[PDB]
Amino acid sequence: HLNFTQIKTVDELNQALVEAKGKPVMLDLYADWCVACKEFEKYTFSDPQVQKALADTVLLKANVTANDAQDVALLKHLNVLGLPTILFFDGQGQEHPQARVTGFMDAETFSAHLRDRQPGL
């Protein structure tokens, strides 16, 4: 498995970003009831090459299973309309919406995505 850092609230994301100054960041939105999210963990985040490509990236994950106030506020703040969703941030903590992943991608597809669209790297 890849080593993610759990963040819960909008401001935990913001702090995490401020701390990752100078480094590329990726945020995975996850939920227990999300099937394709599970596919990502089992088939994509598990790929040896995908992992090496993410070796020097700050990895963040928000677990939104409960769908509580904080989860909803976060999803709303990120303008996330569904799962799975992966966000990407540059060294200046700025997100690149044009780099979002909103469906499942297998290892190969995701590898090409990181190669062609990942910010800050």
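Numbering starts at 1 and runs along the sequence shown.
For the segment pair 51 to 59 and 66 to 74, the entry gives 66 to 74 the higher mean B-factor, averaged over Cα atoms.
The entry lists a Cα temperature factor for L81 that places it in the highest third of the chain's modelled residues. Sort the chain's modelled residues by C-alpha temperature factor and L27 lands in the lowest third, per the entry.
In this PDB entry, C34 carries a Cα temperature factor that places it within the middle third of its chain's modelled residues.
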